[PDB]
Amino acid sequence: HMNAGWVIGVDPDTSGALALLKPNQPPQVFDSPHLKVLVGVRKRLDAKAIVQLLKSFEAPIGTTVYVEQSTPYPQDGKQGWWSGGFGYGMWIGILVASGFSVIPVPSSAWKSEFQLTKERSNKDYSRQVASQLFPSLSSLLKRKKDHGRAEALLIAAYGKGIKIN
């Protein structure tokens, strides 16, 4: 049956974001909190700020959350393979440990519902798509670096349409 609860979508990359769709209320989008961690320095997801961001929502138990399940290319550096596994594994861990119902979503699935093929590609037009589905947040999607916000929104609007049990 059709999901009437709260729907969250997560772009788990280190410049990713989380979108929160409540029924009958305006959509919201949040950039993922990060840290300067010395390794010199790079960005890691901030688990502590994430959990307190999730705590702030005060969502019901078992609220469904759709997490993009992404898969680096053979030519991407091993460091990026590591970071990829880290953000994904941290997001699942926090969400599962926080009582959310977690659904991984292949990148192809949500891009499929919104007709983001080679022509009119997701990188060049996903922000625009998110804008016209959620006009109230189009101010936060006016920049290239906001690609993450847009994906989180479209992952959420994808999962919203998935019938549940």
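For every residue, the number given is its place in the sequence shown, counted from 1.
- Per the record, residue 61 and residue 62 are directly connected, with no deposited-sequence residue omitted between them.
- As recorded in the PDB entry, 20 to 28 is the stretch of 149 to 157 and 20 to 28 with the greater mean C-alpha temperature factor.
- For the pair 112 to 120 and 132 to 140, the mean B factor over Cα atoms is greater in 112 to 120.
- Of the candidates 49, 67, 38, 96, it is 38 whose Cα B-factor is highest according to the PDB record.
- Compared with the other modelled residues of the chain, the Cα B-factor recorded for residue 8 ranks in the lowest third.
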